[PDB]
Amino acid sequence: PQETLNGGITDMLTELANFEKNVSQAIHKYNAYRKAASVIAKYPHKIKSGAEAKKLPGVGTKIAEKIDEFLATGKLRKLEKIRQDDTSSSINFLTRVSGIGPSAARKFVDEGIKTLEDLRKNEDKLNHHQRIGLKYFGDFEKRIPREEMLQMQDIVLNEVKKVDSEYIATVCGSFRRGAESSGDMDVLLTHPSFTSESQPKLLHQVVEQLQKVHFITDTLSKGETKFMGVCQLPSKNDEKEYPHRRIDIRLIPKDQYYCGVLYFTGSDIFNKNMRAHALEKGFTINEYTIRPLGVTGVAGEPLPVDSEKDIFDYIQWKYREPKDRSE
DNA sequence: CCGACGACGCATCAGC
DNA sequence: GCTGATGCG
DNA sequence: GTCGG
Ligand code: NA
Ligand code: NA
């Protein structure tokens with residue numbers, strides 16, 4: 001549905017969501033508003049009243065009332081007020097820095113630190129993650145065109161294979177589903193020597209190599225199984241440099257790899273459905289394993305999984321291409 | 001009425 | 001110093 | 001804030 005249909009309503013609900021998360025620290029209200037915004041955004045009719053919207057799942061009495069106020073007046077008094085509230089709008093803004101969450105944003109604003117300029121003047125008050133989030137503030141808010149994601153994938157797969165040709169690497173997320181753009185890069189990594197029953201350095205050796213070839217530029221966090229950092233494609237001598245991009249790399253045991261690839265490929269709606277179907281078939285699926293459920297509901301040992309298809313076969317579902325996992 | 005609403009890796013804090 | 005809690009994503 | 005046991 002065109003954004004002109006209910007974009008006013010959905011924009012209002014998304015703004016209310018952000019204030020719940022970042023200012024009121026009410027995460028379940030943030031998700032309530034997002035859920036409302038999503039079901040309205042997919043509604044293929046320009047809404048005429050709150051009662052109409054309340055028929056939708058996730059829209060209740062309070063949001064119906066707000067929609068009535070918005071349709072009648074073109075705005076929402078409470079949103080107008082918080083928008084111009086210097087403290088609340090500054091707290092909400094600062095959480096756009098990666099590493100600054102609601103608690104840090106509140107603490108900063110409490111001591112007069114309200115803008116990117118104020119953060120730049122107060123480096124010693126920022127931790128390592130927050131300094132990187134500030135350094136790449138604008139780059140991190142840009143989307144990644146699919147052509148750049150392919151070039152990024154070219155580098156990851158080549159360097160991974162270079163370290164050890166027995167590594168297996170898969171770039172998941174919307175990109176694997178075919179998306180024309182991405183917000184970041186999610187790489188899932190495994191190695192036949194790493195199973196749930198049985199090296200460190202498996203992840204470090206890959207991160208190191210990507211740093212040696214100057215693809216990974218910064219690290220946000222790094223442990224034995226999860227890396228979160230920054231990468232950047234090489235710029236042709238003489239062309240504008242590519243923005244810096246967020247990349248995550250996860251090391252997963254081989255016997256849990258394809259469960260992980262399935263989960264992190266998504267979509268979220270699709271996983272909810274598959275997990276719903278799996279239950280009504282006698283199986284429980286999480287990001288790690290698929291396990292059978294006994295007649296009293298006791299989950300048994302995880303079942304062998306050697307491919308994505310294996311998971312579909314267990315639950316009597318035809319294999320769906322990532323391209324067809326929108327829901 | 002009133003609890004669920006995602007679990008978890010990593011960085012860093014709070015407490016001992 | 002070690003252990004658990006909290007923040008963040 | 002919404003849903004539902
Ligand atoms: Na409803
Ligand atoms: Na943030």
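In what follows, every chain begins at residue 1, and chains take the letters A, B, ... in the order their sequences are listed. All values below were derived from every heavy atom in this structure, side-chain atoms included, with hydrogens, water molecules and symmetry-related copies excluded.
- Looking at which nucleotide of DNA chain B each of A:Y263 and A:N127 is closest to, the 5′-most match is held by A:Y263.
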For nucleotides 1-4 of chain D, tabulate all protein N/O to nucleotide N/O atom pairs closer than 3.5 Å, reporting atom names and distance.
| residue | atom | partner | partner atom | Å |
| --- | --- | --- | --- | --- |
| D:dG1 | OP1 | A:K62 | NZ | 3.0 |
| D:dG1 | OP2 | A:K62 | NZ | 2.9 |
| D:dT2 | OP1 | A:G60 | N | 2.9 |
| D:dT2 | OP1 | A:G60 | O | 3.4 |
| D:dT2 | OP1 | A:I63 | N | 2.8 |
| D:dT2 | OP2 | A:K62 | N | 3.0 |
| D:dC3 | OP1 | A:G58 | N | 2.7 |

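- When both pairing distances are held under 3.5 Å, B:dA7 makes no Watson-Crick or G-U pair with any nucleotide shown.
- Under a 4.5 Å side-chain heavy-atom cut-off, the cluster of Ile, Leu, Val, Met, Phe, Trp and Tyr residues that includes A:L279 is completed by A:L293.
- A:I27 shares a hydrophobic cluster with A:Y30; the chain of contacts runs through ILVMFWY side chains whose heavy atoms sit under 4.5 Å apart.
- The same atom, P, is picked in C:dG9 and in B:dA4; the two are 25 Å apart, to the nearest Å.
- At whole-Å resolution of the value, NE2 in A:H128 and P in B:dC13 are 14 Å apart.
- Between A:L126 atom CG and B:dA11 atom P there is a gap of 17 Å when expressed in whole angstrom units.
- Salt-bridge formation is not detected for the pair A:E159/A:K212: no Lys NZ or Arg NE/NH1/NH2 atom is positioned less than 4.0 Å from an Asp or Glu carboxylate oxygen.
- Between A:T225 and B:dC10 there is a side-chain N or O to OP1 or OP2 distance below 4.0 Å.
- Ring pair A:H277/A:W317 is parallel by interplanar angle, where below 30° counts as parallel and above 60° as perpendicular.
- Of the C1' atoms belonging to C:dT6 and B:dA7, the separation is 15 Å, rounded to the nearest Å.
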Find every protein N or O atom lying less than 3.5 Å from an N or O atom of nucleotides 6-9 of chain C, and list the pairs.
| residue | atom | partner | partner atom | Å |
| --- | --- | --- | --- | --- |
| C:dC8 | OP1 | A:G101 | N | 3.0 |
| C:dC8 | OP1 | A:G101 | O | 3.4 |
| C:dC8 | OP1 | A:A104 | N | 2.9 |
| C:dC8 | OP2 | A:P102 | N | 3.2 |
| C:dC8 | OP2 | A:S103 | N | 2.9 |
| C:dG9 | OP1 | A:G99 | N | 2.9 |

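- Ring geometry for A:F93 versus A:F137: interplanar angle of 30 to 60°, hence tilted.
- Comparing the same atom, P, in B:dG6 and in D:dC3 gives a spacing of 16 Å after rounding to whole Å.
- Annotation for A:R245 and A:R143: closest pair NH1-O, 3.1 Å, computed over non-hydrogen atoms.
- The stretch residues 264-289 of chain A comes close to DNA chain B through A:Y288, each having a heavy atom under 4.0 Å from the strand.
- Minimum heavy-atom separation, A:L220 to A:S98: CD1-OG, 4.5 Å.
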Would you give me the side-chain donor-acceptor pairs under 3.5 Å for residues 47-65 of chain A, sequence neighbours excluded?
| residue | atom | partner | partner atom | Å |
| --- | --- | --- | --- | --- |
| A:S49 | OG | A:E52 | N | 3.3 |
| A:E52 | OE1 | A:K48 | N | 2.8 |
| A:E52 | OE2 | A:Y43 | OH | 2.8 |

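- Between A:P253 and A:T190, the shortest heavy-atom contact is C-OG1, 3.6 Å.
- Along DNA chain B, the nucleotide nearest A:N31 and the nucleotide nearest A:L220 are compared for position; the residue whose nucleotide lies closer to the 5' end is A:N31.
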Decide salt bridge (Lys or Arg N to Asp or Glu O under 4.0 Å) for A:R83 and A:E15; before the verdict, give the C-alpha distance in whole Å, the side-chain angles of both, and the deciding distance to 0.1 Å.
CA-CA 9 Å; A:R83 277 185 182 164; A:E15 226 190 304; 2.5 Å; yes

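- The pentose of C:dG1 belongs to the north class of puckers. Its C1'-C2'-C3'-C4' angle has a positive sign.
- Counting only distance, with no hydrogens or angles, the side chain of A:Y314 and the backbone of A:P304 share a donor-acceptor pair below 3.5 Å.
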